[PDB]
Q: 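Below are the structure tokens for one structure; questions will follow.
Worth knowing before you read on, the calculation uses all heavy atoms, side chains too, and leaves out hydrogens, waters and symmetry mates. Throughout, protein chains are lettered first and strands after them, A, B, ... in sequence-line order, and every chain is numbered starting at 1.
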Amino acid sequence: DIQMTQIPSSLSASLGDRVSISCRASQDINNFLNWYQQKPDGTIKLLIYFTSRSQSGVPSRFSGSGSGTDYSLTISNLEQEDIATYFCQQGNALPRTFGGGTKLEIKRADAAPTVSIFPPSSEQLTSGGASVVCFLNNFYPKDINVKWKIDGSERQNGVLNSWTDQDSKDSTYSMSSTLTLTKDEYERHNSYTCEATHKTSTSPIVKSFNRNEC
Amino acid sequence: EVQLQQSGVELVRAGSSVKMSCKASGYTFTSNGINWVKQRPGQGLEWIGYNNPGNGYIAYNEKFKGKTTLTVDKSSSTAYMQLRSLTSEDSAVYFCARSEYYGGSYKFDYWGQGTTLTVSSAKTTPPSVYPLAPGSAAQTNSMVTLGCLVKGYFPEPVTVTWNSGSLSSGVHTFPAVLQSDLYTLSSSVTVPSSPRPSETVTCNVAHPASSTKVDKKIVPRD
């Protein structure tokens with residue numbers, strides 16, 4: 001097929017910045033290159049057609065260029081409504097192939113999560129389950145490492161992690177981590193600890209509860 | 001304004017087939033080809049085929065050929081794609097998009113909203129909702145953070161509200177994650193310490209597919 005490569009796959013830029021996304025193809029694509037924008041929650045729109053250069057009816061800050069194998073999309077002044085995933089598509093041969101995507105995010109000052117840990121609710125425990133939950137809230141950058149420790153040891157089995165999209169107001173992320181165990185296993189241990197490693201502190205940020213100071 | 005309206009079968013079992021539809025309007029249907037594209041949740045976009053309703057007919061990506069049949073019905077102005085023998089790798093969002101010629105090649109200039117194909121073993125299950133009150137050593141000291149864990153439901157979505165929507169600042173609702181074929185999500189609200197427990201805080205979750213509505217007040221202890 002013609003393989004289409006976009007570099008980078010992620011780009012953080014400040015609002016107001018000039019952004020450039022590049023797309024390269026494996027053989028000369030003869031300028032039949034179209035660019036698409038996928039907003040949060042999945043709608044997709046045509047922005048630019050025929051080798052970047054032609055605008056469909058998107059803002060005038062979107063433009064593109066290129067020849068042969070290397071094409072660019074550039075946004076001349078970044079707006080909040082522009083954080084999206086961008087895709088190039090070659091229309092020179094069958095199969096139509098698409099680039100792997102470039103996602104945008106608003107660069108911000110680092111923030112550092114506010115962490116909370118929640119014991120299992122009594123209601124859950126009557127059903128023989130015990131989920132322990134840890135919210136890690138309003139942090140930037142998105143990179144964070146969470147480990148669970150029970151009476152001094154393993155993280156690993158039964159942990160589900162979920163991340164929010166970057167907040168449109170302030171520009172942070174949030175994450176919950178939930179450890180699920182059976183009630184029986186839950187009652188053979190004393191402390192439960194949520195430990196976060198974020199590049200905002202050299203010391204982990206730890207939150208814990210002991211089972212019977214409750 | 002041309003428009004492309006999709007929906008086909010969204011929740012199916014492995015071994016099944018689905019026939020999805022993309023209804024076009026706002027332009028003469030016969031005049032433009034329809035393309036179908038797959039987005040497997042780990043973002044990339046893949047082309048499946050093209051169907052020209054007017055000018056003869058059909059191409060398939062080698063990969064999708066055979067698993068896919070693309071037809072049209074020119075009189076209702078609908079394009080359809082049929083997927084046969086659906087596995088786990090077929091769960092994705094499928095989009096149809098229109099082609100338009102512009103000097104040399106085609107642009108996919110209007111796209112439908114897409115229809116999610118969930119190949120699953122799970123049946124409609126209402127969530128379990130558990131209130132998450134700060135623990136042991138008193139916690140969240142200034143503001144208090146409270147949560148709600150919505151545990152084994154199927155299908156998506158659930159809607160979570162705090163105090164019937166009065167409490168909408170400070171709330172974070174996390175994208176659901178599929179655990180063993182059922183979804184689990186959570187929501188936290190951070191409130192002033194003067195708000196709780198002096199004022200009632202309740203998380204309200206609605207699950208439209210099982211007709212379930214649950215209200216769980218967050219109270220001290222566990």
Q: Grab the two heavy atoms, one from A:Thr164 and one from B:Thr173, that are nearest each other, plus how far apart they are.
A: CG2-O, 3.9 Å
Q: Give the member of A:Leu94, A:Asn212, A:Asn34, A:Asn137 that has the highest number of heavy-atom pairs under 4.5 Å with chain B.
A: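 Maximum pair count with chain B is reached by A:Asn137.
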Q: May I ask you to check whether over 12 heavy atoms, not counting those of B:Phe154, lie within 6.0 Å of atom CZ?
A: yes
Q: So what's closer than 4.5 Å to chain A heavy atoms on B:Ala97: side chain, backbone, both or neither?
A: neither
Q: Using a 6.0 Å cut-off, check whether atom NZ of B:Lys65 has over 12 heavy atoms from anything other than its own residue.
A: no
Q: Using a 4.5 angstrom heavy-atom cutoff, name the option from A:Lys103, A:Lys169, A:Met175 with the most pairs to chain B.
A: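 Option with the top pair count is A:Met175.
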Q: Side chain, backbone, both or neither: which part of B:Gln139 has a non-hydrogen atom closer than 4.5 Å to chain A?
A: side chain
Q: Please classify the contact between B:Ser99 and chain A as side chain, backbone, both or neither, with a heavy-atom cut-off of under 4.5 Å.
A: neither
Q: Hey, are the side chains of B:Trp47 and A:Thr97 touching, using non-hydrogen atoms and a 4.5 Å cut-off?
A: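 A side-chain contact is absent here, since even the closest heavy-atom pair is not under 4.5 Å.
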Q: Would you say that A:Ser127 contacts B:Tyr130 through its side chain, given a criterion of any heavy-atom pair below 4.5 Å between the two side chains?
A: yes
Q: Just wondering, are more than 12 heavy atoms of other shown residues or ligands nearer than 6.0 Å to NZ in A:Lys149?
A: no
Q: Between A:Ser208, A:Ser176, A:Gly100, which residue shows the highest count of heavy-atom pairs closer than 4.5 Å to chain B?
A: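 When all of A:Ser208, A:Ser176, A:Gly100 are compared, A:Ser176 has the most.
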Q: With side chains defined as the heavy atoms from C-beta onward, is the minimum distance between A:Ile44 and B:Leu45 less than 4.5 Å?
A: yes
Q: Does any heavy atom of chain A fall under 4.5 Å from the side chain of B:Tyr110, the backbone, both, or neither of them?
A: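 Neither part.
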Q: Can you tell me if CZ on A:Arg155 sees more than 12 non-hydrogen neighbours from other groups inside 6.0 Å?
A: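 Counting neighbours around CZ of A:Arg155, more than 12 heavy atoms of other residues, nucleotides or ligands fall under 6.0 Å, so yes.
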Q: Which bit of A:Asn161 comes within less than 4.5 Å of chain B, counting heavy atoms only: side chain, backbone, both or neither?
A: backbone
Q: Do you know which of A:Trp163, A:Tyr49, A:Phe50 has the most heavy-atom pairs with chain B at a distance under 4.5 angstrom?
A: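 Of the candidates given, the most pairs with chain B belong to A:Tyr49.
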Q: Go through the atoms of B:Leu146 and report whether side chain, backbone, both or neither lie under 4.5 Å from a heavy atom of chain A.
A: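 Just the backbone, heavy atoms under 4.5 Å.
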Q: Supply the atom-to-atom distance B:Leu132 CG to A:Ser116 OG, rounded to the nearest 0.5 angstrom.
A: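 Reported value, rounded in 0.5 Å steps: 10.5 Å.
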Q: Give, as side chain, backbone, both or neither, the part of B:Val37 having an atom under 4.5 angstrom from any heavy atom of chain A.
A: side chain
Q: Which atoms of A:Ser56 come close to chain B, meaning under 4.5 Å heavy atom to heavy atom: side chain ones, backbone ones, both, or neither?
A: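 For A:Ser56, no heavy atom lies under 4.5 Å from chain B.
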Q: Is it the backbone or the side chain of A:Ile117 that comes under 4.5 Å from a heavy atom of chain B, or both, or neither?
A: both
Q: Report the option among A:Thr43, A:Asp165, A:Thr85, A:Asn138 that has the most heavy-atom pairs separated by less than 4.5 Å from atoms of chain B.
A: A:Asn138
Q: Relative to chain A, which segment of B:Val144 carries a heavy atom at a distance below 4.5 Å: side chain, backbone, both, or neither?
A: neither
Q: Do A:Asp167 and B:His172 get their side chains close enough for a donor-acceptor pair, meaning under 3.5 Å?
A: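 Side chains of A:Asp167 and B:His172: no pair found under 3.5 Å.
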Q: Could you check if a side-chain atom of B:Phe174 sits within less than 4.5 angstrom of a side-chain atom of A:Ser174, using non-hydrogen atoms only?
A: yes
Q: Cut-off 3.5 Å, side chains only: do B:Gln39 and A:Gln38 have a donor facing an acceptor?
A: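 There is such a pair (donor and acceptor under 3.5 Å, judged by atom type) between the side chains of B:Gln39 and A:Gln38.
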Q: For A:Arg53, look at atom CZ and say whether over 12 heavy atoms of other residues, nucleotides or ligands are found less than 6.0 Å away.
A: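 12 or below, so no.
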Q: Measure the CZ-CD distance between A:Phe87 and B:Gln43 for me, rounded to the nearest 0.5 Å.
A: 7.0 Å
Q: For B:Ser187 and A:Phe135, work out which heavy atoms get closest and say how close.
A: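 Looks like O-CZ, 3.6 Å.
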Q: Answer yes or no: does atom CG of B:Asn55 have more than 12 heavy-atom neighbours from other residues, nucleotides or ligands under 6.0 Å?
A: no
Q: Side chain, backbone, both or neither: which part of B:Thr140 has a heavy atom under 4.5 Å from chain A?
A: side chain
Q: Looking only at heavy atoms, what is the nearest atom pair of B:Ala133 and A:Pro119, with distance?
A: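 Shortest heavy-atom contact: O-CD, 4.3 Å.
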Q: Between B:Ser105 (side chain only) and A:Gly91 (backbone N and O only), is there a donor and an acceptor less than 3.5 Å apart?
A: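 Yes.
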Q: Could you tell me which portion of B:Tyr102 (side chain, backbone, both or neither) has an atom closer than 4.5 angstrom to a non-hydrogen atom of chain A?
A: side chain
Q: I'd like to know which of A:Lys207, A:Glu123, A:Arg211 tops the heavy-atom pair count under 4.5 Å against chain B.
A: A:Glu123
Q: Side chains of B:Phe108 and A:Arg96, heavy atoms from C-beta outward: is any pair under 4.5 Å?
A: yes
Q: Would you give the length of the straight line joining atom CG of B:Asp222 to atom SG of A:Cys214, rounded to the nearest 0.5 angstrom?
A: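 If we round to the nearest 0.5 Å, B:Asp222:CG and A:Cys214:SG are 4.0 Å apart.
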Q: Given heavy-atom pairs under 4.5 angstrom as the criterion, report whether the side chain, backbone, both or neither of B:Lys216 touches chain A.
A: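 Contact with chain A involves the side chain of B:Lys216 alone.
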Q: If you compare all heavy atoms of A:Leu160 against all heavy atoms of B:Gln179, which two are closest, and at what distance to 0.1 Å?
A: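 Of all heavy-atom pairs spanning A:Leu160 and B:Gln179, the closest is CD1-CG, 3.7 Å.
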Q: So with a 6.0 Å cut-off around NZ of B:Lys123, is the heavy-atom count from everything else above 12?
A: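 At most 12 heavy atoms, drawn from other residues, nucleotides or ligands, come within 6.0 Å of this atom.
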Q: Relative to chain B, which segment of A:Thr180 carries a heavy atom at a distance below 4.5 Å: side chain, backbone, both, or neither?
A: side chain
Q: Name the region of A:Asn210, side chain, backbone, both or neither, that has any atom closer than 4.5 Å to a heavy atom of chain B.
A: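 Just the backbone, heavy atoms under 4.5 Å.
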